[PDB]
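So this first bit is one chain, no partners, the form deposited without 3-(3-methoxyphenyl)benzoic acid (XEV), shown in structure tokens.
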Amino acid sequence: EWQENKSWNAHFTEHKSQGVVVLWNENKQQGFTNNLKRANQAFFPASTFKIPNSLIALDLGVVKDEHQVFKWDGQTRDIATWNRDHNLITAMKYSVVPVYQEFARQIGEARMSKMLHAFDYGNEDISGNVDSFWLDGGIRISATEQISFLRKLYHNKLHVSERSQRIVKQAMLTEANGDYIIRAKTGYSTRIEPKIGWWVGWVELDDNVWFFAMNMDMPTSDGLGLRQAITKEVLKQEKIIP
């Protein structure tokens, strides 16, 4: 059901990188990874948590829709794109933590915890501050657990409205052309070792869907592009994209 293919390690070593790519063929219900152990090791979700956080905020009415404007609070942060107004689409695109921190406060701990349990999301532990726990609190998730969660989102099976799931899938849109559509979310965990990068989501084809979840050691910001590049080398090797 899970098969290992150490061939992919070549795309990590070409950049003296280390990590795991997990793929799931939805038609055949078969998984593939370069590293079975690391595929099941849990890490901080970091900004991949904006997927569940969006769903809860939308379902509770904290976010009205994908056009609602969340005004910059006027405090300059050292990510330039955060110091402006955002909606859900742009907050996800630029991983605008302060917008999502405000969502999480309005959601509150009790509603956050029960939604994550209903989602079966990671260790479902929101130990810590409600507005930081996906960064430095108690929550952890593995690449295979990301796949399982994303599969439920793809099929509208999570315990939120169908509308909530459709809107988050819209906001996950990353790339599209006549060959594939990628809906996904990046993440970068920095507060505690090991510093890792995430890319999770799926590739939609005419006749199949390939779910994916990858994380990699990320000692500095200078390699963040490798999350997508290495994932794409594996997708190409497996003939999922040209």
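The numbering used is simple: start at 1 and walk along the sequence shown.
Set 160 to 168 against 112 to 120 and average the Cα temperature factors; 112 to 120 ends up higher. Averaged over their C-alpha atoms, the temperature factors of 43 to 51 and 192 to 200 are higher for 192 to 200. When the modelled residues of the chain are ordered by C-alpha B-factor, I107 sits in the middle third. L36 sits in the highest third of its chain by CA B factor, as recorded in the PDB entry. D206 sits in the highest third of its chain by CA B factor, as recorded in the PDB entry. Residue-level temperature factors show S127 in the highest third of its chain, judged at the C-alpha atom. Per-chain ranking of the deposited C-alpha B factor places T13 in the highest third.
What comes next is about the form deposited with 3-(3-methoxyphenyl)benzoic acid (XEV) bound, which is not displayed.
Placed here by superposing the C-alphas around the site, 3-(3-methoxyphenyl)benzoic acid (XEV) (as posed in the entry with it bound) stays clear of every backbone and C-beta atom by more than 2.4 Å: open pocket. Although the partner is absent here, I79 lies within 4.5 Å of 3-(3-methoxyphenyl)benzoic acid (XEV) in the entry with it bound, judged by heavy atoms. Interface residue remark: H11 is not counted as part of the site for 3-(3-methoxyphenyl)benzoic acid (XEV) in the entry with it bound, having no heavy atom within 4.5 Å. In the entry with it bound, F70 stays away from 3-(3-methoxyphenyl)benzoic acid (XEV), with no heavy atom inside 4.5 Å. Although the partner is absent here, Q41 lies well away from 3-(3-methoxyphenyl)benzoic acid (XEV) in the entry with it bound, with no heavy atom inside 4.5 Å. Just one listed stretch, out of 117 to 125, 149 to 157, 162 to 170, 79 to 87, contacts 3-(3-methoxyphenyl)benzoic acid (XEV) in the entry with it bound at the 4.5 Å heavy atom level, and that stretch is 79 to 87.
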